[PDB]
Amino acid sequence: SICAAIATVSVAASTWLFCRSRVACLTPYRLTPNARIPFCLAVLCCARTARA
Amino acid sequence: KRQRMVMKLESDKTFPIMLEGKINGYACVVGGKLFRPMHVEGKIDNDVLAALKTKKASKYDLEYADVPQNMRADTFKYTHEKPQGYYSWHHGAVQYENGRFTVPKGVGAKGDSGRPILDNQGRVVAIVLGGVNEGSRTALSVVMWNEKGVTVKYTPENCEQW
Amino acid sequence: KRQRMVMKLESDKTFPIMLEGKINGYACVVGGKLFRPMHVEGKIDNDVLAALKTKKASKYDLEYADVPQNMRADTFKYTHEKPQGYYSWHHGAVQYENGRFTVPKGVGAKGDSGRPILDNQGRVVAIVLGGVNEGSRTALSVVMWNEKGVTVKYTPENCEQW
Amino acid sequence: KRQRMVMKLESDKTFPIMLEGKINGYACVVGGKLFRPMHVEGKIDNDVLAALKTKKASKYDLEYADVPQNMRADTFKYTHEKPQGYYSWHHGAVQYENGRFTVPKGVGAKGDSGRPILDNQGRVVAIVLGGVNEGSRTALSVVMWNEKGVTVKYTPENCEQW
Amino acid sequence: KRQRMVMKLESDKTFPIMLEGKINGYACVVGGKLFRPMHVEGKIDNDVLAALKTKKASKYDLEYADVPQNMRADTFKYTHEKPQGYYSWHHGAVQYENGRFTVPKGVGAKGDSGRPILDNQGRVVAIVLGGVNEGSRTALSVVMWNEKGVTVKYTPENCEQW
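Residues numbered from 1 in each chain as written, not as in the entry; some residues may be left out. Chains lettered and ligands numbered in written order. Part of a larger assembly, values for the part shown. Heavy atoms only, no water.

If you look chain B up in the PDB entry, it shows as Capsid protein from Venezuelan equine encephalitis virus.

The name recorded for chain A in the PDB entry is Spike glycoprotein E2, from Venezuelan equine encephalitis virus.

Student: I keep staring at the interface of chain B and chain C and nothing clicks. Help me out?
Tutor: Note on interface size: it is often stated as the accessible area lost on association of the parts. On the side of chain C, 10 residues touch chain B, which itself brings eight residues to the contact. Considering only the surface of chain B that becomes buried against chain C, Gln69(B), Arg72(B) and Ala73(B) emerge as the three largest contributors, covering 65% of it. One salt bridge connects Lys77(B) with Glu97(C), and the closest N-O pair in it is separated by 3.8 Å. At the surface where chain B touches chain C, the tally comes to five residue pairs in polar contact. (Contact = heavy atoms within 4.5 Å. Buried area = accessible area lost by both parts, 1.4 Å probe. Salt bridge = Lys/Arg side-chain N within 4 Å of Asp/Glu carboxyl O. Polar contact = N/O pair within 3.5 Å; in protein donor to acceptor, adjacent residues only side chain to side chain.)

Student: Any chance you could explain the interface of chain B and chain A here in plain terms?
Tutor: On the side of chain A, 11 residues touch chain B, which itself brings 14 residues to the contact. The contact between chain B and chain A buries some 1100 Å² in all, and 70% of this surface belongs to carbon and sulfur atoms. If you look at where chain B meets chain A, you find zero salt bridges. Connecting chain B to chain A are two residue pairs in polar contact. Elements that contribute at least two residues to the side of chain B that touches chain A include exactly β3 (33–37) and β6 (62–66) of chain B. Residues of the side of chain B that touches chain A, tallied by class, amount to eight nonpolar, four polar and two charged. (Helix = DSSP H or I, 4+ residues; strand = E, 2+ residues; numbered from the N terminus. Nonpolar A, V, L, I, M, F, W, Y, C, P; charged D, E, K, R; others polar.)

Student: Explain the UniProt feature "active site" in chain B here, please?
Tutor: Residues and elements named next belong to chain B. UniProt annotation of "active site" refers to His-39, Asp-61 and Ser-113 when read in the numbering used here. The named residues occupy 75 residues along the chain; their greatest pairwise C-alpha distance, 11.2 Å, places them in one compact cluster. By the secondary structure assignment, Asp-61 is in the loop between β5 (55–56) and β6. For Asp-61, the contacting residues outside a window of four places in its chain are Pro-37, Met-38, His-39, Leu-129 and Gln-161. Setting aside its immediate chain neighbours within four residues, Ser-113 contacts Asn-24, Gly-25, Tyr-26, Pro-37, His-39, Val-40, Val-128, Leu-129 and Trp-162. (UniProt positions renumbered as here; feature names shortened; annotations may be inferred.)

Student: I'm lost on the side chain of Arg115(E) in this one. Help?
Tutor: Residue and element names in this part refer to chain E. Among the structural elements, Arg-115 can be located in the loop between β9 (100–104) and β10 (116–118). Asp-112 provides the closest opposite charge to the buried, unpaired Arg-115, separated from it by 4.6 Å. Reaching out from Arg-115, the side chain makes a polar contact with the side chain of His-90 at a distance of 3.1 Å. Non-local contacts of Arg-115, meaning those with residues more than four positions away in its chain, are made with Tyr-26, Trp-89, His-90, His-91, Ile-127 and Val-128. (Buried < 20%, exposed > 50% of the residue type's maximum accessible area, 1.4 Å probe, protein only. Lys, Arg positive; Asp, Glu negative; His and termini not counted.)

Student: Before we go on, may I ask you to explain the sheet that holds strand β3 (residues 28–30) of chain C in this structure?
Tutor: Think of a sheet as strands paired side by side through backbone hydrogen bonds, with each pair either parallel or antiparallel. Residue and element names in this part refer to chain C. Read from one edge to the other, the open sheet built from four strands follows the order β3-β4-β7-β6, with strand pairing classed as antiparallel. The open sheet terminates on both sides in strands that have one partner only, identified here as β3 and β6 (55–57). Between one strand axis and the next, the sheet turns by 30° as a mean value, whatever way the strands run. The pairing of strand β4 (residues 33–37) with strand β7 (residues 62–66) spans five bridges and is antiparallel. Within β7, the position partnered with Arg-36 by the bridge is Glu-63. (Pairing = 2+ DSSP bridges. Axes fitted to C-alpha atoms, helices over the stretch in contact; angles between N-to-C directions.)

Student: I'm lost on the relation of the copies chain B and chain C in this one. Help?
Tutor: Two copies of one chain are present, and they are related through a rotation about an axis combined with an axial shift. At an RMSD of 0.2 Å, chain B and chain C line up after a rotation of 61° and a shift of 0.4 Å along the axis. A rotation of that kind, with that shift, is consistent with a six-fold axis. Using C-alpha coordinates, one finds that chain B approaches the rotation axis most closely at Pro83(B), a distance of 23 Å. (Least-squares fit on C-alpha atoms.)

Student: Explain the arrangement of the chains to me, please; I cannot follow it from the model alone.
Tutor: The structure contains three pairs of chains in contact, of which chains A and B account for the largest number of contacts. Across the gap from chain A to chain E, with no contact made, the nearest C-alpha atoms are 32 Å apart.

Student: In this structure, what is going on with the environment of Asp112(C)? I would like to understand it.
Tutor: Residue and element names in this part refer to chain C. Mapped onto the fold, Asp-112 is located in the loop between β10 (100–104) and β11 (116–118). Setting aside chain neighbours within four positions, we find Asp-112 in contact with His-91, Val-128 and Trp-162. Among the polar contacts listed, one links the side chain of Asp-112 to the side chain of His-91, at a separation of 3.1 Å. In this structure the side chain of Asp-112 is engaged in a polar contact, spanning 2.5 Å, whose partner is the backbone nitrogen of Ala-109.

Student: What exactly am I supposed to notice about the state of the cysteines here?
Tutor: Every disulfide links exactly two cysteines, by a covalent bond between their sulfur atoms. According to the stated counting rule, one finds one disulfide over all chains in the structure shown. Put simply, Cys25(A) and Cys46(A) are joined by a disulfide, and their sulfur atoms are 2.0 Å apart. Its S-S torsion of about 95° marks the bond between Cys25(A) and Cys46(A) as right-handed, since a negative value means left-handed. Linking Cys25(A) in helix α1 (residues 2–30) with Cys46(A) in the segment after α2 (38–43), this pair joins segments that are 21 residues apart in sequence. This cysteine, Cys159(C), is not joined by any disulfide, and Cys28(C) carries the nearest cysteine sulfur, 19 Å off. (Disulfide = S-S within 2.5 Å.)

Student: Quick question: what am I supposed to make of the packing of aromatic side chains here?
Tutor: What describes a pair of aromatic rings is the distance from one ring centre to the other and the angle between the planes of the rings. Summed over the entire model, instances satisfying the criterion amount to 20 aromatic pairs over all chains. Note on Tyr87(D) and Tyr96(D): the rings are 5.6 Å apart at their centroids and 55° apart in plane angle, and the pair reads as tilted. For the pair formed by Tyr87(D) and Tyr96(D), the shared burial category is buried. An aromatic cluster of three or more residues is present, and its members are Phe35(B), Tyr78(B) and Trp145(B). A cation over a ring is seen here: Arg115(D) above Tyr26(D), with NZ or CZ 3.8 Å from the ring centre. (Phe/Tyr/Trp six-rings, centres within 6.5 Å; stacked < 30°, edge-to-face > 60°. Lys NZ or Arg CZ within 6 Å of the ring centre and 35° of its normal.)

Student: Honestly, the sheet that holds strand β6 (residues 62–66) of chain E in this entry has me stumped. Any pointers?
Tutor: Residue and element names in this part refer to chain E. As summarised here, the arrangement of the six strands in space is β4-β1-β2-β3-β6-β5, forming an open sheet in which the pairing is antiparallel. Edge positions in the open sheet fall to β4 (43–44) and β5 (55–57), since each of these has one partner strand only. Bridge count for strand β2 (residues 22–30) against strand β3 (residues 33–37) is three bridges, and the pairing is antiparallel. Counted as the bridge partner of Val-29 is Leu-34 from β3.

Student: Help me out: how do you make sense of the pairing of strand β12 (residues 137–145) of chain E in this one?
Tutor: All names here are of chain E. The buried count for β12 comes to eight of nine residues, which makes it a mostly enclosed element. With six bridges connecting them, strand β11 (residues 124–133) and β12 associate as antiparallel partners. Each bridged residue has a counterpart across the sheet, and for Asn-133 the counterpart in β12 is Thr-138. Counted between consecutive antiparallel strands, the loop separating β11 from β12 contains three residues, among which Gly-135 sits at a positive phi close to 140°. Judged from the four bridges that link them, β12 and strand β13 (residues 151–154) form a sheet pairing that is antiparallel. Bridge pairing in β13 links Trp-145 to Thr-151.

Student: Mind showing me how you'd approach the environment of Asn158(B) here?
Tutor: Residue and element names in this part refer to chain B. The residue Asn-158 is located in the segment after β13 (151–154) in this model. Accessibility expressed as a relative area gives 64% for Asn-158, which makes it exposed. C-alpha separation for the pair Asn-158 and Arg-4, spaced 154 residues apart in sequence, amounts to 35 Å.

See the structure below:
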């Protein structure tokens, strides 16, 4: 049970940090009339093009 | 002569932000993107833009939204390049140097956040989120755009929210 | 003056496409290549040109055909480069910036596809396949030719076929 | 001449109370204390004053709040003494006798509560919570300030809240 | 001359409905009865009218309320009979035929519900709940009163709520 709890907490923290990563990648580049960059979407795919 | 500069400055219009009959700020559109400071809350004057879904910026303290296609023509043109000198702003000309924009002390307060800064040709260089008086001038917490197509927010130390 | 610009614009002639007495579009020839939008159907006014065998472009919505050698001299000259400014077009001058061509709203409708855009010297810059009014201006789904010798179709979103 | 009295009356300003674009009353500040009738609800026009924490007075039907020190200078001056005579009020002069204030019938209605009464010298004598017409004049349920430093509200019978 | 008709039209007054400083509609009183469309929500400008208890009509899409007797004299006079011709309305004259009222296209929009239609003599014939433009003219979803003393609501198909 403790190992399962540790694994779940690790996954949740990874999700939080990856959401932070997506925000940190996009927000500097979202706030622009272009707001789209092929290289960043290729290397990290911070924003889902299909999802809207 | 500054009169012609003021006349050119007072040409274009923006869309204010209302909260119970009080204008907490302004909501401008540049390049097809709707912008308004996140710390400033209210309802945008225009209903259609007020109906748009917006997203928040945690570290940038503003919201962004895509304008409809049929209205993207009526938008303000941007400029990533910022030559040294003075720029036109709604209250008055802005004298900037060392990459930071300064205004005469006693100019600008709460509710003046989000008002864009125009160049000589009318292209918007940056928008102001706040400012702090530090002497004869008053530095402004403006957010600028870099040449590469990125977003930069030069905020002075212990700046004041507007 | 715009009168001289219009006079220079109205010098050259193009070859329209007829369908049962209706002008669905135009078929211009540049550099020895016959061009006409694929979605636009009809018969070209010139019997010989209409008699030329054509091939279709699936993703570009236009046809291509080579004029005979005796007629390759009598064609419009192309230009890969598009410096910023305004360009002359049959209905009116075209104000373009940021790589997309804009025309005043209410200008351009169905049957105007295939009409080329001329520069100051008359060289054809691009032809328009359709357009959608998106505010004060009207962006056009034009197809341009690249400096390296390639072909590019800057198509605005949800454009209207003409 | 009454023209001079009216002109003297109309010099100072007060702070109204707004509720959904409706002026239910006014909130005056005297002696460093913010006052507003408790029965009247709304938001003060001034943002800073409206943000002040207030406490309620059950039998006096009004609230109190202390202005910040930097702004206590700009407030109205009080006077405990009320000599016999006529006093200036926003709508018009008040004729008072026997310790009760009277105004012409048809003067003063809902939303006029909390507006201060000024003496000849501009010092506020008392403020009105409501009034009832009893014939040729209309007595007002005002709350006066006593010479010893106490608070008295002479409320006429079956008064009407304003 | 239409100028005299407009002058006669602009004599009487109605009571609008306000919602957060927005005129969502108007609430008229005719024959001692208060009326306002049920789909339109807000507060009447007049406090006394606003305080009146009302009941709703599910299909008629309006509320009804009885004015106090001392104010029933001050109400608009109605007319059950509607002879063919044109009638004066606040925005302009109304041309009506075949039992339906028509107005020029581009006249009348949201917020115009509850505005009465007057005859030549000022007696109100009917009030409009909404309208739909169907070409050169615009039919309005008006509710009239029959000669027998009944109430009939002639609604054009797919009308637009105002």
